[PDB]
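Participant:
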Amino acid sequence: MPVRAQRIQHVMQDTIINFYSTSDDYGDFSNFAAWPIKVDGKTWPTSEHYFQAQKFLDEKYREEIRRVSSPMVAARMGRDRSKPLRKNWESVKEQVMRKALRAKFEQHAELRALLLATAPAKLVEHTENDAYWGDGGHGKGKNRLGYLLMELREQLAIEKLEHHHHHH
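Residues 1 to 168 in the authors' numbering are what the sequence shown lists, from first letter to last.
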């Protein structure tokens, strides 16, 4: 498990990367990776914390999910869909998660460089459990999480393509 930029030093081409193992270096691609993210002025343990903090419009409950350092606890008490959810929650998942992913890979140059390293490959989350944001084990999980990572990577590439500085 090497924490490096370019885990695979320039991937092949059209390489379908099916990853499931949050215990090693390929686990960072899984959003459930416990990498501290700095979002909107606060430090969130994982993306799910910010994700479900926007999920619920419960004032004091957001504070709870913001305070809980443990990632699995956020999933546990955030699991419930009986609580008042945002009317646009079904749509704004892409918005909230996109910014969370942004903060994750951007706040860590290691991860950002790792992200562009997986180009031009295709990232596929393979959770043999809950096929959501990841195409699952059966191939129908809405893997657009990995796609958000692809499109985010391209945005980071555009910013990088703005390279114009008197040093290199």
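From the three backbone atoms N, C-alpha and C, an ideal C-beta is built for every residue, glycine too.
Mapping DSSP to helix, strand and coil, what is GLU128?
Facilitator: Coil, per DSSP.
Participant: Quick one, are the C-beta atoms of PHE56 and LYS93 less than 7 Å apart?
Facilitator: no
Participant: Please confirm whether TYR50 and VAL39 have their CB atoms less than 7 Å apart.
Facilitator: yes
Participant: Under DSSP, the beta strand (DSSP E) around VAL39 begins and ends at which residues?
Facilitator: 37-39
Participant: What I want to know is whether the C-beta of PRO36 ends up closer than 6 Å to one or more non-hydrogen atoms of the ligand MG.
Facilitator: By its list of ligands, the structure shown contains no ligand whatsoever, and the ligand MG lies outside what it can speak to.
Participant: Under the assumption that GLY139 contacts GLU125 (Cβ atoms under 8 Å), give the Cβ distance between them as a whole number of angstroms.
Facilitator: The pair is not a contact, with the Cβ atoms about 12 Å apart (cut-off 8 Å).
Participant: Suppose contacts are defined by Cβ-Cβ distances below 7 Å. Is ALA33 in contact with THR22 by that definition?
Facilitator: yes
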